[PDB]
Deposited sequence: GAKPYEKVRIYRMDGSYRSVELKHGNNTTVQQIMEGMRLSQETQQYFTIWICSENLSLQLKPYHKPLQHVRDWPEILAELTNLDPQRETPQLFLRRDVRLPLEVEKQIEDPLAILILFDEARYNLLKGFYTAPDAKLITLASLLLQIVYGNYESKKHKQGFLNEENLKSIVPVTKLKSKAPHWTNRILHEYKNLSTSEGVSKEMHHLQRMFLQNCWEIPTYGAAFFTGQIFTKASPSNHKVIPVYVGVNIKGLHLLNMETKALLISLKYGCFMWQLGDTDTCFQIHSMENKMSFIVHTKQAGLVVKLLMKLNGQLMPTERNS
C-alpha cells in the first residue's frame, strides 16, 4: 500500500486524500488533478497553504509539501510570530484572481457548493461587511439551505437561540444586532419556504446565497495582517483584504470596515525595505501607510487584480 498522500481540506473541515505521485516534489497542478474535479470545476480554485496566522495562495508550479516543510522560515519572513507556533494545512479554495464576471457564469453544482462553503465561512467569521438587511437575507438562505423548508411548528418561537444563530449570522454580530433580527430572519425564511417561485434545488439556493455575497466589497478577498497608526499615536492592528474589486481594511479585533477602495480610486507604493506600503486615495485627498512584512505580497496582488481589468 506504500505511496505518499496528503489531505486537501476545505473550509468546512472536510478533506480529500490525494496521492503524491512525486512525494514532496508533487506540484499544485498535479494535486489539482488528484481531485474529483473537471477542467470546468478546477479553473475556479487552487491550493492554498494556511495556518492560523497566515494564508498563502500557491501557484501551479509550487510544491506545497515544500512550503509545509519551510513554513517556520515563511512565517519568519512574512510575519512577526515565533515560527514553531503552528503547522499549516493545505486547502482547496477560490482563486483570488477569479474575475467576478466569470464566477457569475458558473453553473456546475460542485463549483457552486465549494464557492458557497467558502463564502459561508467568511460570513460567519465576520469578514463580510454588509447592511443589516443583506445579512438577514443571507441568514434566511442559510436557514433554507441547512434546515430545509420553514415549519410553523418547528421554527415559530425560541428556535433561533444563540445556538442556531451562530450558524447563520456573523460571529461579530451574534450578540450585538443579531438577536434583534430573529423576527425578520424567520419572516424571510418563511417567505423563501412558501415561495413556489424560488427554486429549492441545492445549487440554486447556494447560487442565490453567492449572488448576495457578490455585492459585498470584501467578497473573495485574500487577507493579510498588518498595522496602521492614527492620532496621540495608537497602533490599530488590521486585516488588509485584496480582492478583484479593490482594497479593504478591517479592524483586526472587531472586523469593522475601516476603508474600502475600488481600483482606480486609489494608488499604492511599496516600501524600500519591503515592510510597508502607502495608499494614496486618488481624488479623495487622503493617505495612509500599513506596516506588515506582507507588504510585498499585498502590492504584487494589487497590481495583478488591478491590471486584470481592461
>> Relative to the deposited sequence, which regions have no modelled C-alpha positions in the structure?
In response: 1 to 2, 234 to 237, 317 to 322
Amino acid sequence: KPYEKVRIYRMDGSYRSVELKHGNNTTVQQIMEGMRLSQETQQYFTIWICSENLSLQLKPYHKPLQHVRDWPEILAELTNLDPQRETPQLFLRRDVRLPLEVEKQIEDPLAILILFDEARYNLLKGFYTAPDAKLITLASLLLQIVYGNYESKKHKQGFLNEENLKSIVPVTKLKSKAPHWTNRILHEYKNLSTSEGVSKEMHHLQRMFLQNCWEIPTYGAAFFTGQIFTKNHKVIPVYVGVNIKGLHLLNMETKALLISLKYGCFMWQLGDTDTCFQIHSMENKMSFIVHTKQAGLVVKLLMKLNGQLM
From here on, numbers count along this sequence of modelled residues.
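C-alpha atoms forming the largest set that superposes within 1.5 Å between two forms make up the rigid core.
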>> Using the rigid core for superposition, please say which stretch has the greater CA deviation in 8 other deposited structures of this protein, 42 to 50 or 279 to 287.
In response: 279 to 287
>> Out of 79 to 87 and 170 to 178, which one drifts farther from the shown form in 8 other deposited structures of this protein in terms of CA positions, with the fit done on the rigid core?
In response: 79 to 87
>> Counting only other entries that model residues on either side, is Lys134 absent from the coordinates in at least a third?
In response: no
>> Can you check if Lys154 is missing its coordinates in at least one third of the other PDB entries compared, counting only those that model the residues either side of it?
In response: no
>> So, looking at the entry's B-factor column for Cα atoms, which has the higher mean, 89 to 97 or 233 to 241?
In response: 233 to 241
> Which is higher in the entry, the mean Cα B factor of 300 to 308 or that of 4 to 12?
Replying inline: 300 to 308
>> Take the CA temperature factors straight from the PDB entry and tell me which of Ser55, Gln278, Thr27, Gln42 peaks.
In response: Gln42
> Between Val102, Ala111, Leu165, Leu143, which one tops the list for C-alpha B-factor in the PDB entry?
Replying inline: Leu165
> C-alpha B factor of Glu107, ranked within the chain: lowest, middle or highest third?
Replying inline: middle
>> What third of the chain does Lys63 rank in for C-alpha temperature factor, lowest, middle or highest?
In response: middle
> Within this chain, which third does the Cα B-factor at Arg207 fall in: lowest, middle or highest?
Replying inline: lowest
>> Splitting the chain's C-alpha B-factors into thirds, which one does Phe159 fall into?
In response: highest
>> Taking only the Cα B-factors deposited for this chain, tell me whether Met267 sits in the lowest, middle or highest third.
In response: middle
